[PDB]
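Next up: just one chain, as structure tokens, the form deposited in one PDB entry.
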């Protein structure tokens, strides 16, 4: 738009292009996202305008919504790097546990806040977790999945990742809960520790089976109601549960106990963000500053 000088393209998102731009009136650098056609649904207009209100230090702020000339642009506060880049940079040494613990703790604060307002992300992944020089980490694109249903292929045909998707979603459950975000967070948590994706599926069935091989094929004992799920099939291979010590070495007992609670099959059993902040694993959390070169 006119009130903004595009400085550069930051990337090819799920919904559209993302540019770093300078607001000519405030002079502030901002993240400008062009979204996605019949003349923009008023329902999406209302969903988004509600997000303008839930502000938290661990949530990327939605500064403005520009629906000019039947087009939609969302203006978000700008952050320099995402967790995905940072992990690729700390591949050799790994991210230090104190930083891992600080980031998970902040993430859970942002989640607890949104969840208390009944707002889900539904599409958590490293790429939408943004970090700054002072040791902060913020959740980006919160609530947009609800406003604009998460696509299979992005506008540039990029296949959207299934890696962090909760099993109830993969089994065709249509009424997701806040528990889906906890599952995603547990997957990212494991990835930060081992420096390898936990369940890197390349199809919905492959993703489902990767989950089954590790956590064991679910049944009516661990997940009551599972066999009645829309896409559940009695013909699923029956796999045994692997030991967490083998799944996430060298995570200590507290971290492994926490992860196991975030990875419970049954959504009603899965630990809540608010409950997780009180877990012993956070007893010694601090706020270290990351080693990020811009």
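Positions refer to the first chain, counted from 1.
Below, we turn to the form deposited with a small molecule bound, even though it does not appear here.
Novice: If you check 105, 163, 78, 209 against the small molecule in the bound PDB entry, which one has a heavy atom within 4.5 Å?
Specialist: Only one option qualifies, and that one is 78.
Novice: Just give me the single entry in 60, 258, 247, 229 that has a non-hydrogen atom within 4.5 angstroms of the small molecule in the bound PDB entry.
Specialist: Of the listed residues, the single hit is 60.
Novice: Counting any heavy atom within 4.5 Å as contact, can you tell me which stretch out of 197-205, 184-192, 79-87, 97-105 lines the small molecule in the bound PDB entry?
Specialist: Selected stretch: 79-87.
Novice: Within 4.5 Å of the small molecule in the bound PDB entry - does that hold for a heavy atom of every one of 136, 285 and 289?
Specialist: No, the candidate spot makes no contact with the small molecule.
Novice: Report yes if any heavy atom of residue 109 sits within 4.5 Å of a heavy atom of the small molecule in the bound PDB entry; otherwise report no.
Specialist: Residue-level check for residue 109: no, no contact with the small molecule.
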